[PDB]
Amino acid sequence: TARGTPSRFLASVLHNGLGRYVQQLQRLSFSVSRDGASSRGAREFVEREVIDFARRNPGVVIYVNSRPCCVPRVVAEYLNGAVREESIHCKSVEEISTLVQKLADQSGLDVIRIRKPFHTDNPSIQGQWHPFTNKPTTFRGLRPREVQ
Amino acid sequence: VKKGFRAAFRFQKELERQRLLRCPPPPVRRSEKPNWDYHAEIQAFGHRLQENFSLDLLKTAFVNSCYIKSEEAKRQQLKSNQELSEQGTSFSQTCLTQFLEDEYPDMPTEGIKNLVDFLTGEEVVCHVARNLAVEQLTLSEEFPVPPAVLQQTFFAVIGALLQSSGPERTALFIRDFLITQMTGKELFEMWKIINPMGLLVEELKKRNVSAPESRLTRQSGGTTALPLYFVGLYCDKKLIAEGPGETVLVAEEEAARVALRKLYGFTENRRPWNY
Amino acid sequence: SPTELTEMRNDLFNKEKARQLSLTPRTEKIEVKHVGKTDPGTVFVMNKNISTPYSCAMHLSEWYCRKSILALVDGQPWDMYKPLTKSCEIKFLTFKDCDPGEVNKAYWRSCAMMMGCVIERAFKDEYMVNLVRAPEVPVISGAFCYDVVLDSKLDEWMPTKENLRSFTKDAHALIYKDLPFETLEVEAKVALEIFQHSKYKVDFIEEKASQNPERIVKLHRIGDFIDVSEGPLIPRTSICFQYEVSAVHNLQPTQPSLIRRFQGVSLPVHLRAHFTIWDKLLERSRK
Amino acid sequence: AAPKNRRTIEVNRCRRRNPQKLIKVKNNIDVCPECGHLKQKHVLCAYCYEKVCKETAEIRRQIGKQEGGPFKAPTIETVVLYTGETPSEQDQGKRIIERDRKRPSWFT
Amino acid sequence: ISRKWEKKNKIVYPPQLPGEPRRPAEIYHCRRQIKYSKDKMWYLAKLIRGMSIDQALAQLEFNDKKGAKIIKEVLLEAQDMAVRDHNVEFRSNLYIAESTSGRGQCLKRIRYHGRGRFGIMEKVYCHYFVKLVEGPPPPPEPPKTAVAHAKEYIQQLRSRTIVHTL
Amino acid sequence: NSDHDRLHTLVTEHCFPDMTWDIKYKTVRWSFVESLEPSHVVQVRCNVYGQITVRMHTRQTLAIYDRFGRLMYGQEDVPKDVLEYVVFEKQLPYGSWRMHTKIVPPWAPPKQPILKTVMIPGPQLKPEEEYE
Amino acid sequence: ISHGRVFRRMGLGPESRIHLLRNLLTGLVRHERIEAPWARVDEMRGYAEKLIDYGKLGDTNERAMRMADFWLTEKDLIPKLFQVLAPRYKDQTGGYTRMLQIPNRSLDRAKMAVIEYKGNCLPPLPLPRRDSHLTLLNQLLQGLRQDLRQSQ
RNA sequence: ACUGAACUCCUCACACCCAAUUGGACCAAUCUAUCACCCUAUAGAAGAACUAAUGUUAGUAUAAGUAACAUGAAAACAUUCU
Ligand SMILES: [Mg+2]
Ligand SMILES: [Mg+2]
Ligand SMILES: [Mg+2]
Ligand SMILES: [Mg+2]
Ligand SMILES: [Mg+2]
Ligand SMILES: [Mg+2]
Ligand SMILES: [Mg+2]
Ligand SMILES: [Mg+2]
Ligand SMILES: [Mg+2]
Ligand SMILES: [Zn+2]
């Protein structure tokens, strides 16, 4: 639930779209096993798709360890320092491809509840409403029931 | 005892995670952690920024003098990035000055200098370098990289870009990664000032205008603990700027700040920067 | 400028402190034996010229620190913050001793010094203030006195009740600050260097140096306020609880200069008086 | 009547950590200027009282030895004398209790 | 059972740099398996929390509860070991940073009731723990002033945003 | 470094409690610097246990800290001159020459003073006893 | 409601209260100094004073003799009461007893008092002494006294 | 007039709101075969999954520091007194 979970506001990393778009994913690390059915899909992904992904994403350094700890994994490191570890255990080639593309597309910001679907640093152009907008002024600034 | 291994191993993994949360290991530079290839990382740096650096220049930009000294000290038992950082700092300051003076011709030279100081300051450049992964590729003698060294390396990278691709591409880089740091920022959030009323009086004297008359335009709950005052500064019975406040003095000071923003063309609703 | 005078006096005071501590290097272990009735025969292995009777009391217990206000070091009254100089016998003196005469004298002296600090820092800059002396008055006299010469501009002005209450308020501000009574046995040369501007203090230092076989002069500081005392003082201003600048009396020989005696009365935390008794004491001290 | 519900630790803490239940700090504890022992203002010093009780017990043992039997309360006054002491002119005609120790400083 | 309190005295810190504030000494002591209710012990522990060693000893010497004497003995032992083994210069320069009571290992006995029925009495035992920190007792938290209250309220007022809008 | 495993072989068991008891729960920064005069044997005597008395006049540095890392004995930088009469013992089949006992002459100068002050209580008095 | 009730309820009833006080008073006459619970000492103090008054009434007074016979359960104390205690206080008119509070009984934490007959041969109790006249407050008050005596 | 639903539309996605009962897709842990040899896979098995039986055993709460219980007095601890 929202009340039992942290939240944040919609944001980019370094104003990621103002001047130029910088892909926030910078490192992928596939720990894959030579043997073991758990990493069969990872092995097929390394054989058939990792090269094409690498040449599609020149800004991402991709490592293939070929000796994992525990389950086969992909560790995605982002520019803002975020590290997201995704197990690729028993996933098919297409499942791993979609997961890796999702990691490439997303930023390093936490996948938690986002309070507002929008973020403006300049919410007002004509001036934020205050009680004295739309209130007429009076001669000599006389408040109500003032004698002079 | 219950036979089995998987639950026990799961519990050990959870204990290890909790231990890492409670007593995290001291931070270690990314180079000393697994899955690191410096050449690939430094190539991907340029490819990420969509710029054709020269690899030798970038490698020189990322190596600091303190790193060289520490390496020689260790060897007892390389071209530093000094000139590249100096070139990058000088060019960045001049190009930021050009950008800001073209955008805000009414801004005084002091204001432009303070804005450039903010944009090239340790905090802003530190944040930009950290989120551009300069720190990961930076060769320094101590970790985490101190903000001064990080700023020096970032400007060294800018100088390397200058030597590799030219002033126009470097200007685009500066616009994209330092000019954007003032988006959403307020003029006097970036340029700290004292006595805005006095500074406004100085500016009006430069414009050969008499000192503005501070005058109470609107007020609310004057005798309470939560008053609202609107104070307007009038130039020959003409309102130039009004500002709110809790006390009349605070409202007058804020009206002075609003007048300065309007004079310098750094109003909140000014034309947004063009990219 | 008075601020310049205070800064220069503090600088000289700290210079002398540093010089003395440097002159006394290392850690020479002196033996001080507790000669009091309670806890007899306990020996403290203290550090020469660093350790204090306060440190010995801290070794004993907290009750000793709270109640002990003077130190008979080999039979001689010692300030609780005066660094010990040699192996000796120590006895701690409180207000509730059988014969607390020395403690009473020390309390009167320290209260007079606090009054002097208040007087110096009270008046406006235009008027000049010269603290001539704090006469050694008996406790039976009903008040401690501090003699001061004010600016000739104020040769007719007499403090009002509100002025006196402001003086007491400043004194209570000092008490709340709880400043320790730093001490130094200095050479008459350095004492005259510190108080060169004040002719009255200069001649008083000369008298004290003449009285002592050597040129040793006691200099006391509460905070930023250095003065010459006639004997040991209490540890901290927080010892004082009830404190009132009672009155000001101009002395009879006004022809050479106007010596105005500020008379006040005080009682420590250990000897608080009831409201009515305190009021009667105030009435007596206003004379 | 039985409780209708278990009382929570929150309620129980609010009850049993009330200032009415907390132990109050005593402010009548001081130090006996005689011997430096802790005493309450209105109560006798415990250590001094123990001294006096032990000496009184010794004197009473000597009194019992002198009397030698129940129902032998003397019809005359009593004086306690320590080593190196002699009955005074006033102490004449008063039974003497001899103590083997020397006169205590607090005894007079 | 757990015996971590005893181990807390055996941690050795690295030597401090000369340009570093002197680390106050910390002494952990305990008495285990006190024949006393932990609920009754809690009041004495709470009482002496935060007080100097001498003030706590004075307060405990005149308290009628059985646990007062036990806590006084524990505090005296802690003072002795503070001076002997933890390089505390002054005996009295110590204050009770922590004083708590814990449940001990308890024994079950039968309490005979009136109609051939019974209850299970518990022979309750409690532990008692102290941490003594060298130095003056920290000053009590000053009460909230009207100025501080008003400042907090005005800060809350200024923290307000226009919620659920752009 | 509290290398007790090596210290057991380096010094005799008669000496080990002296070596490692009072130094427990405190960091010592003992260091060695060039000696002043060459070491020489003094005398030797003698189921059968060897014994060699060796005189040294060296220069050493000491810095003993607390559990909390605060200095309590000796400056770490300034060295001191140490005169020692160390007696070694050997087992007579696989034992070696290990530090057995250091002889301190009565005329030896007093050791370095300690930073902290100390209180030494007098004789405690029972209720029936009076101080004399 | 116990407005004006001046006697405690002790022992097992009125007779038991009298017998308890009688035993305490007999102990006080025999030993001249008694520890007992503070309330019982406070209750017995009045009877101790009245016993001294009856002893002053005289050995030959029949009413005094009967009162002493009742109130002293050990009869060797009656000659003591009439020939030692009463002559000791012939000069005084009251305040024959001294009652002081004692540290609470270790057994049951009871409020304890020591009561003695003044002038006994036992070591003196550690009486509370007022502050010395030479303290600061006392010296200031002495100054006030002297000034008042001189002025008026 | 407006407000007004999970109705309807809108952007996107869809197997994803009945008791008993019934059909189906998955599946934790365990053991075995063979792997993996890192903590998994494909199968074969079965004492194979507990917010509920005034369930059983154990622990600890609540009621509650409550109900309730207990030692005649002084003392020289000899003794005496009630
Ligand atoms: Mg009863
Ligand atoms: Mg609707
Ligand atoms: Mg529908
Ligand atoms: Mg089952
Ligand atoms: Mg269960
Ligand atoms: Mg159940
Ligand atoms: Mg309970
Ligand atoms: Mg109840
Ligand atoms: Mg009951
Ligand atoms: Zn005493």
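Chain letters run A, B, ... following the sequence lines, proteins first and then strands; every chain starts at 1. Below, each value reflects all heavy atoms present in this structure, side chains not excepted, and no hydrogens, waters or symmetry copies.
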K.L.:
Applying side chain to side chain contact (heavy atoms under 4.5 Å, CB included), run through A:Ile114 and A:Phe9 and close with a yes or a no.
P.N.:
CA-CA 5 Å; A:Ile114 289 158; A:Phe9 284 103; 6.0 Å; no
K.L.:
Aromatic ring centroids of A:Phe45 and A:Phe30 under 6.0 Å?
P.N.:
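So the answer is yes for these two rings.
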K.L.:
Strictly below 4.0 Å: does B:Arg6 bring a side-chain N or O up to OP1 or OP2 of H:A29?
P.N.:
yes
K.L.:
Under the salt bridge (charged side-chain N to carboxylate O under 4.0 Å, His left out) definition, can you give me all pairs with a residue in residues 51-69 of chain D, not counting sequence neighbours?
P.N.:
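For residues 51-69 of chain D, and leaving out neighbouring residues, the salt bridge (charged side-chain N to carboxylate O under 4.0 Å, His left out) pairs sorted by first residue read D:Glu55-D:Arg99, D:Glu55-D:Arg101, D:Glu58-D:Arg61, D:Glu67-D:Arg95.
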K.L.:
Under the rule syn = chi within 90° of 0, otherwise anti, which is H:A6?
P.N.:
syn
K.L.:
So do the side chains of E:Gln105 and E:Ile1 get within less than 4.5 Å of each other, counting heavy atoms only?
P.N.:
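Yes, at least one pair of side-chain atoms sits under 4.5 Å.
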K.L.:
Could you tell me how far apart G:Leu21 (CG) and H:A74 (P) are, to the nearest whole angstrom?
P.N.:
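Result: 12 Å.
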K.L.:
My parser flags sugar pucker from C1'-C2'-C3'-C4'; what should it report for H:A29, north or south?
P.N.:
north
K.L.:
Between H:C37 and H:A41, how far apart are the two P atoms, rounded to whole Å?
P.N.:
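Going atom to atom, P in each nucleotide, I get 13 Å.
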K.L.:
Which value, in whole Å, describes the distance between the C1' atoms of nucleotides H:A6 and H:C17?
P.N.:
10 Å
K.L.:
Would you kindly give the CZ-to-P distance between B:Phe5 and H:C31, to the nearest whole Å?
P.N.:
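Result: 11 Å.
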K.L.:
North or south: which describes the sugar of H:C31, going by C1'-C2'-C3'-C4'?
P.N.:
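North pucker for H:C31; the sign of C1'-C2'-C3'-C4' is positive.
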K.L.:
For H:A61, does the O4'-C1'-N9-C4 or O4'-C1'-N1-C2 angle fall within 90° of 0, making it syn, or is it anti?
P.N.:
anti
K.L.:
Would you say that G:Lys80 contacts D:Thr75 through its side chain, given a criterion of any heavy-atom pair below 4.5 Å between the two side chains?
P.N.:
no
K.L.:
Name every residue in residues 6-13 of chain G that has at least one heavy atom under 4.0 Å from any atom of RNA chain H, in order of residue number, or write none if there are no such residues.
P.N.:
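Those residues: none at all.
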K.L.:
Are G:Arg30 and G:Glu74 close enough that some pair of their side-chain heavy atoms sits under 4.5 Å apart?
P.N.:
yes
K.L.:
Measuring only the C1' atom in each nucleotide, how far is H:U30 from H:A48? A whole number of Å is fine.
P.N.:
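It comes out at 7 Å once rounded to the nearest Å.
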K.L.:
Work out how far the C1' atom of H:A43 is from that of H:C27, and round it to whole angstrom.
P.N.:
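Their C1' atoms lie roughly 16 Å apart.
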K.L.:
Any chance you could list the contact pattern along nucleotides 56-67 of chain H? Use B for base contacts, S for sugar-phosphate-only contacts and - for none, protein heavy atoms under 4.0 Å, 5' to 3'.
P.N.:
---SSBSSSB-B
K.L.:
Using a strict heavy-atom distance below 4.0 Å, which residues from residues 73-80 of chain D are in contact with RNA chain H?
P.N.:
none
K.L.:
Stacking between H:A61 and H:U62, judged by six-membered ring centres under 5.5 Å and planes under 30°?
P.N.:
yes
K.L.:
Using the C1' atom on both, measure H:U42 against H:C35 and round to a whole Å.
P.N.:
8 Å
K.L.:
Just so I know, are the side chains of E:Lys108 and E:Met121 near enough to count as touching, which here means a heavy-atom distance under 4.5 Å?
P.N.:
no
K.L.:
Quick one: do H:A46 and H:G47 stack, meaning six-ring centroids under 5.5 Å and planes under 30°?
P.N.:
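H:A46/H:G47: stacking flag false.
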K.L.:
Give the intermediate values and the outcome of side chain to side chain donor-acceptor pair (under 3.5 Å) for residues G:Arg45 and G:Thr97.
P.N.:
CA-CA 7 Å; G:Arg45 191 179 197 185; G:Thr97 57; 3.1 Å; yes
K.L.:
If a positive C1'-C2'-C3'-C4' torsion means north (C3'-endo side) and a negative one means south (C2'-endo side), where does H:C9 fall?
P.N.:
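Here the torsion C1'-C2'-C3'-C4' comes out positive, placing H:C9 north.
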K.L.:
Restricting to ring pair (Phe, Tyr, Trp, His ring centres under 6.0 Å), what partner residues turn up for G:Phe7, sequence neighbours left out?
P.N.:
none
K.L.:
Kindly label the base of H:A75 as syn or anti, based on whether its glycosidic torsion lies within 90° of 0.
P.N.:
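For H:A75, whose glycosidic angle is more than 90° from 0, the conformation is anti.
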K.L.:
What pucker does H:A75 have, north or south, from the sign of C1'-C2'-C3'-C4'?
P.N.:
north
K.L.:
Regarding G:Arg22 and the six-membered ring of G:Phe70, is the cationic atom NZ or CZ under 6.0 Å from the ring centre and inside 45° of its axis?
P.N.:
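Flagged: G:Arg22 positioned over aromatic ring of G:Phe70.
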K.L.:
Is it true that the neighbouring bases H:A15 and H:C16 have six-membered rings whose centres sit under 5.5 Å apart and whose planes meet at under 30°?
P.N.:
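So H:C16 stacks onto its neighbour H:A15: yes.
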K.L.:
Could you work out the separation of H:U40 and H:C31 based on their P atoms and round it to a whole Å?
P.N.:
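After rounding to an integer number of Å, I get 14 Å for this pair.
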K.L.:
Does the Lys NZ or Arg CZ of E:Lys35 fall within the cation-pi geometry relative to E:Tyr125 - under 6.0 Å from the ring centre and within 45° of the axis?
P.N.:
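Judged by the rule, E:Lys35 and E:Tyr125 form a cation-pi pair.
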K.L.:
Is it the case that the side chains of A:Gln101 and A:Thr98 hold a donor-acceptor pair, with the cut-off being a distance below 3.5 Å and no angle test?
P.N.:
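No donor-acceptor contact under 3.5 Å links the two side chains.
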K.L.:
If you restrict it to nitrogen or oxygen atoms, what contacts under 3.5 Å exist between nucleotides 9-17 of chain H and the protein, and what is each distance?
P.N.:
none

K.L.:
Does a side-chain heavy-atom distance below 4.5 Å link E:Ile48 with E:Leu44?
P.N.:
no
K.L.:
Can you tell me, in whole Å, how much space there is between the P of H:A78 and that of H:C69?
P.N.:
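One P to the other, the span is 33 Å.
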K.L.:
Among residues two or more places apart or on two chains, list those pairs meeting ring pair (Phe, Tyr, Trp, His ring centres under 6.0 Å) that have a residue in residues 32-53 of chain G.
P.N.:
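Of all non-adjacent pairs touching residues 32-53 of chain G, those that pass ring pair (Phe, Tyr, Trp, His ring centres under 6.0 Å) are G:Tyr47-G:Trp71.
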K.L.:
Restricting to nitrogen or oxygen on both sides, can you table the protein-nucleotides 34-37 of chain H pairs closer than 3.5 Å?
P.N.:
none

K.L.:
Got D:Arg17 and E:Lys46 here, is their nearest side-chain heavy-atom distance under 4.5 Å?
P.N.:
no
K.L.:
Output a table of donor-acceptor pairs, distance under 3.5 Å, between side-chain atoms of residues 113-127 of chain G and any protein atom two or more places apart or on a different chain; print 'none' if there are none.
P.N.:
from     : atom 1 : to       : atom 2 : distance (Å)
G:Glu116 : OE1    : G:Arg33  : NE     : 2.9
G:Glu116 : OE1    : G:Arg33  : NH2    : 2.7
G:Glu116 : OE1    : G:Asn120 : ND2    : 3.3
G:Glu116 : OE2    : G:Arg98  : NE     : 2.8
G:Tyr117 : OH     : G:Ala48  : O      : 3.0
G:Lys118 : NZ     : G:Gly95  : O      : 2.9
G:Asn120 : ND2    : G:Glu32  : O      : 3.2

K.L.:
Does H:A6 have its sugar in the north or the south range once you look at the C1'-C2'-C3'-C4' torsion?
P.N.:
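South.
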K.L.:
H:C77: syn or anti, with syn meaning chi within 90° of zero?
P.N.:
syn
K.L.:
With ring centroids as reference points, do G:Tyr96 and G:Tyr89 lie under 6.0 angstrom apart?
P.N.:
yes
K.L.:
What pattern of brackets, bars and dots sums up RNA chain H from 5' to 3', given Watson-Crick or G-U wobble pairs under 3.5 Å, [ ] for crossing pairs and | for another strand?
P.N.:
.............................(((((......)))))..........................(((....))).
K.L.:
Would you call E:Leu47 and D:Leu22 a side-chain contact if the rule is heavy atoms closer than 4.5 Å?
P.N.:
no
K.L.:
Is it the case that the side chains of A:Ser87 and A:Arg73 hold a donor-acceptor pair, with the cut-off being a distance below 3.5 Å and no angle test?
P.N.:
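Side chains of A:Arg73 and A:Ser87: no pair found under 3.5 Å.
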K.L.:
Can you sort out the partners of E:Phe129 under ring pair (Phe, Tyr, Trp, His ring centres under 6.0 Å), two or more places apart, ordered by chain and number?
P.N.:
E:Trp5
K.L.:
Taking the side chain as C-beta and beyond, is there a heavy-atom pair between D:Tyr47 and F:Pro127 under 4.5 Å?
P.N.:
yes
K.L.:
For the CD atom of E:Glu98 and the OG1 atom of E:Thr100, what is their distance to the nearest 0.5 Å?
P.N.:
7.0 Å
K.L.:
Using atom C1' of each nucleotide, how far apart are H:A15 and H:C7 to the nearest Å?
P.N.:
23 Å
K.L.:
Looking at CZ of B:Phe9 and CD of B:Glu16, how far apart are the two atoms once the value is rounded to the nearest 0.5 Å?
P.N.:
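Interatomic distance, B:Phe9 CZ to B:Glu16 CD, rounded to 0.5 Å: 10.0 Å.
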K.L.:
Determine, with a yes or no, whether H:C39 stacks on H:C38 under the 5.5 Å centre and 30 degree plane limits.
P.N.:
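Yes, stacked.
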K.L.:
Quick one, give me the B/S/- string for nucleotides 75-82 of chain H, reading 5' to 3', where B means a protein heavy atom under 4.0 Å from the base and S means that only happens at the primed atoms, P, OP1 or OP2.
P.N.:
SBS-SSBS
